[PDB]
Structures are given as C-alpha cells and as structure tokens.
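Below is one structure, written out as structure tokens, with a few remarks after it.
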Amino acid sequence: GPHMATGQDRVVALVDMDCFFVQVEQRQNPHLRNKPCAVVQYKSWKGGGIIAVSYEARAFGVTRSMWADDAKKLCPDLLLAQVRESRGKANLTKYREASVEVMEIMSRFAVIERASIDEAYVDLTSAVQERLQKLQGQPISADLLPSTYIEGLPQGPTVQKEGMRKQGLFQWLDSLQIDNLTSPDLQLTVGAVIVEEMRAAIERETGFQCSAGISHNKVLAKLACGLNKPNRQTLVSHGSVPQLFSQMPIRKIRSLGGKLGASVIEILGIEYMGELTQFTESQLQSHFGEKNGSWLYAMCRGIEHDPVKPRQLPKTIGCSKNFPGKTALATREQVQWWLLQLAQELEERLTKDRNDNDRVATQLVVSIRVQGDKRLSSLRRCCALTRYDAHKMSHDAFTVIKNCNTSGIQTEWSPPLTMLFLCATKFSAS
DNA sequence: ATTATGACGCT
DNA sequence: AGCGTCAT
Ligand SMILES: Nc1nc2c(ncn2[C@H]2C[C@H](O)[C@@H](COP(=O)(O)NP(=O)(O)OP(=O)(O)O)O2)c(=O)[nH]1
Ligand SMILES: [Mg+2]
Ligand SMILES: [Mg+2]
C-alpha cells in the first residue's frame, strides 16, 4: 500500500503525424488537400504499393500495403502520389526533410526521442514542474485543452463526438479543480496543455496536423495517441488503466503484436491485457523469461520504466531494395550494378549527415536475402566504412558477400538475390 | 510481387 | 560478429 510504486513519476507524451507522407504531398500539391489520397511506391506492378492513406480514403476501406489498383476498386476517385524514384529505387528524401521540420519544433519544448520518421516521445516531467510554478495555483480552463480527450470519461449521467469530448473534459477538470484528483493527474493535465501548444506550433510552422498521447510512460502514451486520431490528443491517466486494459487485446500493446504476444495469449489462455494481473511476476518470468516477465507484470498494471532517450537523430543510415520473384538478381554484373545504386544514394545521405550533424559512420553492414527465403535477411556481413565513396562502398560490399555465390561461373549468381541492403552504422564524432 | 529501413534483444 | 523480433 504505502510502499508500492504506481509508475506515476513521469509525464511522457507521444506525438505522431496524421497520415504523414500524404500530408507532405498535400502540402506541396494543394489539389490533393481534403480528398481521398494515398502515397504509393513504384507504379508498374498493380499501380504500386500503398504506404500512406488519408483519412478520407480510409473511410472507403483503403489501407497500407494495399495495391493501388485494388484500392481504386474500393475508392474510384482515389488520388495517388508516388514517392520519388532515383537510381531505380525509392527515394524517401522529401519525407526525411519534412520529418526534420517537425522534430526541430518538438525539440524546442523538451528532450525528445525520435521513434520513427513521423513520431517522437517527449519527457515533459521538468516542463510540467516549471509551468506549475508559473501558474501559481491558477485553475486550468477547458479553453487550454481544445483538442484533448480524457480516456474513460465522461462516466455516469453527448450524441455528438465533440459533445462527448467536452463533457469528459469538464468532468475531469471539475474534479481537478475540487482537488479530488491526484498530483499525478494534475501533472498529466499540465502535460496536455503543453502538448496542445506543441501541436499548435507544429501546425502553424509546417502545416502538418498530428495526434498525441499523454500519460506516465511511453507504452501508454503511444496507446493513447492512437485512441482519437486524427488531429486530437488523448490523456490516459493511471486510474483509467483498469477499465482500458479490461477489454484491450494483448496485440494492441507495443512489442506484443508478434510472436511474444501470441505466446502470452496461447500459454496463459487469455485475450486481454487486464487478465495478466492474475499472475505472479515469477509465473510470468517462468513462461516468458525474466525481462519479459517483469515487464509484463508491471505493464498490465500500467507501469513501465523505459526512459525517453535523448536522441533526435537516427542511429543508422540505410537503404534497401527488394527484387521479388522473376526480377531476382542472377548475374554478377547485376548484383554489382545495384550495389552501386544503393551505395550512391547512401553516400549522398551520409555526406549530408556529416555536414548537418557533425558525425561520421565507421561501419558498413551488408545484408542480402536469397530467393526462397522468408527471412528479412539471409546473410549479414560488415566491413570498415573509412570513406564516403560509393565506388569503394559498393566494391567492399561486393567483396564481403561474393562468397555466397554457389555457381562456379563468375558471370552467374546463385542462388538469385531477392534483396540488397546497405546500412551505415557505428557513428562517431566528426 | 508486402517495400523501405528503423531499433534492438539474444547468442 | 551474426541472427531474430517487432515495427509500419
Ligand atoms: N517505405 C515505407 N514507408 C512506410 C511504411 N509504413 C509506413 N511508412 C511511412 C508512411 C507513413 O505516412 C509514415 C508514418 O507512419 P505511420 O505513423 O505508421 N502512419 P501514418 O502517419 O501514415 O498515419 P497515422 O499515424 O495517422 O495512422 O511512415 C512502409 O511499409 N514502407
Ligand atoms: Mg503517423
Ligand atoms: Mg508513426
């Protein structure tokens, strides 16, 4: 009771751009604004593969990983934008630049952990404390939280969504104002005020809309963020966790969407995150290992300690291309030519990186997939990255993998390669 | 023919 | 160092 930690020590937010690549294309081409739209890679095969979908298009059932030709059957008026293609591969530069715009703004408010091209975690604990002092005990107005949902509210004794949002917010604030709500709850509330400000700054300065989650840890903040997309933010308090998790499928939680999550469900015979609470830590550790067990025991109670790492830049810089089915690379000249295309793009990105961020990568990782192999990578080899030189990088990459070629003939390559992937890693100060 | 390419744990 | 998981 007295001595039990409740995991309410921090205020953490997760900010994620709405249909990010689509908004980047919509900003540049106003014709696409406010319309069912998607972003695809390539064009020849089935119209290209969709990787981003505007909310207008999602209403027709359009989804990521759908072929554009197929999406067009669901949504005849779907507008498409295709990622830039350079050297015969996808070139995501425009979205990486857009990403920097957003990350730079977020970094003004607080320490952030870049989690993906379109999202960052924010540790707002200190910022909250500072605002609480400036506030001097002033009541927090609903006006300061124009886009915030309080998960779990309203409750008790609204037909329209904005009506529900407001009633929930009023219930929440009226309880904070009375003083019934905990200090952790006040802290989350101030975090939400700051996040409103962060999101307003992002929209004003970039034109991009986003959603956000505010809670006491990264897992809950990420979960919260997705609850009310698009263009809204959600506050998930410690107290909201029991009801929220009671019907929350285990696969919903970050890190549990794959094999581990499936084994939890299968071994324990449960469906929802809340059901995890009936097991002892030791039980969970025995089934899922010491680290995962401990993590699950705390998580199902809404507690997680993974820190927001101070990292605004990616740890690696890489590029890859698949060669599916019949296009699989089958000659030595072919492998080398594509290795050079990958290396050239990478050299460009690495040079820019060195200039902007005062660092140099020192290791080059080469990954390939062989035909018939389900795995992401069939083989990984590394060499020293001593020069930002595409010819040298591609030549070195070839040197470390050329062994894989079973065929006696130099010209032929077997087994055929279904992916090439060059990753620059092990950065150091420059 | 689910592509491009990230972080990160285990050994 | 080299492979497996989770992600979208
Ligand atoms: N190349 C590539 N890019 C991808 C892929 N999947 C996603 N992206 C790119 C395109 C995405 O726009 C972007 C951000 O990823 P999300 O935040 O997961 N989805 P979004 O922001 O689109 O919508 P919302 O958050 O409102 O649901 O990453 C992929 O499989 N391949
Ligand atoms: Mg997003
Ligand atoms: Mg995202």
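Throughout, a chain's letter reflects where its sequence line sits, starting with A, and its residues are numbered from 1.
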May I have the step-by-step check of salt bridge (charged side-chain N to carboxylate O under 4.0 Å, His left out) for A/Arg387 and A/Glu347, ending in yes or no?
-> CA-CA 9 Å; A/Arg387 286 179 173 176; A/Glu347 170 190 339; over 6 Å; no

Can A/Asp358 and A/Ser430 be counted as having a side-chain donor-acceptor contact under 3.5 angstrom?
-> no

Please state how far atom CG in A/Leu379 lies from atom P in C/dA1, giving the value in whole angstrom units.
-> 14 Å

From C/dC6, C/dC3, B/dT2, nucleotide with atom closest to A/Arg381 side chain | C/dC3

Is the phosphate of B/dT5, meaning OP1 or OP2, less than 4.0 Å from a side-chain N or O of A/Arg380?
-> no

Most 5' of A/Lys426 and A/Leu256 on DNA chain C, judged by nearest nucleotide = A/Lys426

How would you label the contact of A/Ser116 with the nucleic acid (heavy atoms, under 4.0 Å): base, sugar-phosphate, or nothing?
-> nothing

Of all the nucleotides listed (B/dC8, B/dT2, B/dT5), which has the minimum atom distance to the side chain of A/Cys319?
-> B/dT5

Of the candidate nucleotides B/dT5, C/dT8, B/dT3, which contains the atom at the shortest distance from the side chain of A/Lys222?
-> C/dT8

Atom CG of A/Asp373 and atom P of C/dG4 are separated, to the nearest Å, by 9 Å

Nearest nucleotide by nearest heavy atom, which residue falls closer to the 5' end of DNA chain B, A/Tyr42 or A/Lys291?
-> A/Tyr42

Mind calculating the distance between CD (A/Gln363) and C1' (C/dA1) to the nearest angstrom?
-> 9 Å

Would you mind classifying the nucleic acid contact of A/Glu119 as base, sugar-phosphate or nothing, using non-hydrogen atoms under 4.0 angstrom?
-> nothing

C/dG4 P sits how many Å from A/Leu260 CG, rounded?
-> 18 Å

Let me know, please, whether A/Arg311 or A/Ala90 comes out on the 5' side of the other along DNA chain B by nearest nucleotide.
-> A/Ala90

Would you tell me if any nitrogen or oxygen in the side chain of A/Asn322 comes within less than 4.0 Å of OP1 or OP2 on B/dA4?
-> yes

How many Å lie between CZ on A/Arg369 and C1' on B/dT3, as a whole number?
-> 9 Å

Has A/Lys252 got a side-chain N or O lying under 4.0 Å from the OP1 or OP2 atom of C/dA7?
-> no

Please determine if a side-chain N or O atom of A/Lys259 lies less than 4.0 Å away from the OP1 or OP2 oxygen of C/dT5.
-> yes

Looking only at side-chain N and O atoms, does A/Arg114 come under 4.0 Å of OP1 or OP2 in B/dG6?
-> no

NA contact type, A/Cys382, heavy-atom cut-off 4.0 Å: base, sugar-phosphate, or nothing?
-> sugar-phosphate

Any ion pair linking A/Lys352 and A/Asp356 (charged N to carboxylate O, less than 4.0 Å)?
-> yes

With a 4.0 Å cut-off on heavy atoms, is A/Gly49 in touch with a base, just the backbone sugar-phosphate, or nothing at all?
-> nothing

May I ask you to verify if any side-chain N or O of A/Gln41 is less than 4.0 angstrom from the OP1 or OP2 atom of B/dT2?
-> no

In plain terms, say whether A/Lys46 and A/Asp70 are close enough for a salt bridge, that is, a side-chain N and a carboxylate O under 4.0 Å apart.
-> no

Chi angles and distances behind the side-chain contact (heavy atoms from CB on, under 4.5 Å) call for A/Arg10, A/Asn217 | CA-CA 7 Å; A/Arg10 301 177 290 154; A/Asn217 56 66; 3.5 Å; yes

Phosphate OP1/OP2 of B/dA7 contacted by A/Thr316 side-chain N/O (<4.0 Å) | yes

How is A/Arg251 classified with respect to the nucleic acid when contacts are heavy atoms under 4.0 Å: base, sugar-phosphate, or nothing?
-> nothing

Once you round it to whole Å, what is the distance between P of B/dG6 and CZ of A/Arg349?
-> 5 Å

What's the CG-P distance between A/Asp118 and C/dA7, to the nearest Å?
-> 16 Å

Taking only the side-chain nitrogens and oxygens of A/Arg375, find out if one of them lies under 4.0 Å from OP1 or OP2 of C/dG2.
-> no

Across the strands shown, which category fits A/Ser320 at heavy-atom distances under 4.0 angstrom: base, sugar-phosphate, nothing?
-> base

Salt bridge present between A/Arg33 and A/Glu56 (N-O < 4.0 angstrom) | no

Under a 4.0 Å N-O cut-off, is there an ion pair linking A/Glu266 with A/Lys259?
-> no

May I ask you to say what A/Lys89 touches in the nucleic acid, namely base, sugar-phosphate or nothing, with a heavy-atom cut-off under 4.0 Å?
-> sugar-phosphate

Using only side-chain N and O atoms of A/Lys321, determine if any of them is under 4.0 Å from OP1 or OP2 of B/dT3.
-> no

When we call it a touch if two heavy atoms are under 4.0 Å apart, what does A/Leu376 touch: a base, just sugar-phosphate, or nothing?
-> base

Can you tell me how far P of C/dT5 sits from CG of A/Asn292, to the nearest Å?
-> 13 Å

